[PDB]
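In structure tokens, the next block holds one chain alone, the form solved without adenosine-5'-diphosphate.
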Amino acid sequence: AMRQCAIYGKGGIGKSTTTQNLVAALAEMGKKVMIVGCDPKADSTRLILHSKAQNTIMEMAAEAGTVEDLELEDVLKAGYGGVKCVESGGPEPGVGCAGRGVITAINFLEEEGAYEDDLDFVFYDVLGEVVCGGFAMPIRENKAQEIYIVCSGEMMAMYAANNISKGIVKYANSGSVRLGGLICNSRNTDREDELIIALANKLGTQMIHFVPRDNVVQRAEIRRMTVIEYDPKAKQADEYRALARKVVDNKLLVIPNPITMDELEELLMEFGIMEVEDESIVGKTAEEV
């Protein structure tokens, strides 16, 4: 019943916002959901709590001395729709692998039996910028089963998306770690919907949603809350409900097929974000050409 899910993707494309907003649609339709905040900024829970920045397991363990001197009630908060929220906390600048904050944070929650407490969903909001051993921690430790990659029709978000996938693949043979699909966050670039579906099937998954750039997300997030919470009778709000729908309904859980550099640039050139570079101009000064 209780599924183990993760949201992976790069920063600056509104990953957390779509994660939180999704989780809110999912709460209002009956489910009890818990978000684990694996990003080094506390932005993973912000909108559900109406918080400036939630208290994290790292800064609080730094407080009470050790990780066990914390009580569950202090780290794990609940906001909108009784959505349980924790921020894992960043690696202490200079020292500390990021992924070791996350084991600390999951371990702590297993031992205070939050996982065995009545729950339908867990959602790890995870940075999928570089996929190092550190950010791969939910996948290697098999705490995330269903991976949904948020991305956009833009080079880095895509490369990012592929890499997340190569990680899924590393731990294919070890367990139930699978790519459930790609969510596109629009950047009002032309061909981006179908570019992300080109990528989605060339990987062997779908593009389970397309999230439109609606200026109500901005207006709801300045009030530190979801769009499902701010204006439930909105266009965008039903988009979040629709995504959240497709997610329960998803049965499509796969081991992906990473593509190469030339193949990513292929897809980037034919939909138009990338240009066909000229070979004769290369290495030549404006003197020359």
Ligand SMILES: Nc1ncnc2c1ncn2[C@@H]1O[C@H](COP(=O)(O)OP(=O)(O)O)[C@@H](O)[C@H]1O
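Residue indices: 1-based, along the sequence shown.
Student: Averaging CA B factors per stretch from the PDB record, which one is higher: 277 to 285 or 8 to 16?
Tutor: Comparing averages over the C-alpha atoms only gives 277 to 285.
Student: Tell me which stretch has the larger mean Cα B-factor in this entry, 81 to 89 or 129 to 137.
Tutor: 81 to 89 has the higher mean C-alpha B-factor.
Student: Considering only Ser174, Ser186, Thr104, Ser165, which residue's Cα atom bears the greatest B-factor as recorded?
Tutor: Most elevated C-alpha B-factor of the set, per the entry: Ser174.
Student: Just grab whichever of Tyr124, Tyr148, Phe121, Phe210 has the top CA B-factor as deposited.
Tutor: The C-alpha B-factor peaks, among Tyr124, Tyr148, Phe121, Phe210, at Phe121.
Student: For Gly113, does the deposited CA B-factor place it in the lowest, middle or highest third of the chain?
Tutor: For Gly113, whose C-alpha B-factor we compare with every modelled residue in the chain, the answer is the highest third.
Student: Sort the modelled residues of this chain by their C-alpha B factor and say whether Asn257 lands in the lowest, middle or highest third.
Tutor: According to the entry, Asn257 has a C-alpha B-factor in the chain's lowest third.
Student: Quick one: classify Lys202 as lowest, middle or highest third of the chain based on its Cα B-factor.
Tutor: Within its chain, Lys202 is a lowest-third residue by C-alpha B-factor, going by the deposited values.
Student: Pull the Cα B-factor of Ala157 out of the PDB entry and bin it into the chain's lowest, middle or highest third.
Tutor: Lowest third.
Student: Would you please rank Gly65 by its C-alpha temperature factor against the other modelled residues of its chain and give the third it falls in: lowest, middle or highest?
Tutor: It falls in the top third of the chain.
What comes next is about the form deposited with adenosine-5'-diphosphate bound, which does not appear here.
Student: With adenosine-5'-diphosphate left out of view, which of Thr205, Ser165, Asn185, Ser88 would have a heavy atom within 4.5 Å of it in the entry with it bound?
Tutor: Spelling it out, the residue with a heavy atom inside the cut-off is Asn185.
Student: Using a 4.5 Å cut on heavy atoms, which of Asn201, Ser174, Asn107, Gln218 is close to adenosine-5'-diphosphate in the entry with it bound?
Tutor: Of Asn201, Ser174, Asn107, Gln218, the residue with a heavy atom within 4.5 Å of adenosine-5'-diphosphate in the entry with it bound is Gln218.
Student: Only one of 27 to 35, 48 to 56, 252 to 260, 233 to 241 gets a heavy atom within 4.5 Å of adenosine-5'-diphosphate in the entry with it bound; which is it?
Tutor: Partner-contacting stretch among the options: 233 to 241.
Student: Determine whether any heavy atom of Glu229 comes within 4.5 Å of a heavy atom of adenosine-5'-diphosphate in the entry with it bound, and answer yes or no.
Tutor: Heavy-atom contact with adenosine-5'-diphosphate at 4.5 Å: absent for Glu229.
Student: Can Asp214 be called a contact residue for adenosine-5'-diphosphate in the entry with it bound at 4.5 Å between heavy atoms?
Tutor: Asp214: contacts adenosine-5'-diphosphate in the entry with it bound.
Student: Closest heavy atom of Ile13 to adenosine-5'-diphosphate in the entry with it bound, within 4.5 Å or not?
Tutor: Yes, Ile13 lies within 4.5 Å of adenosine-5'-diphosphate in the entry with it bound.
Student: Heavy atom within 4.5 Å of adenosine-5'-diphosphate in the entry with it bound: which residues of 41 to 66 qualify?
Tutor: Going through 41 to 66 in order - heavy atoms within 4.5 Å of adenosine-5'-diphosphate in the entry with it bound - there is one hit, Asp43.
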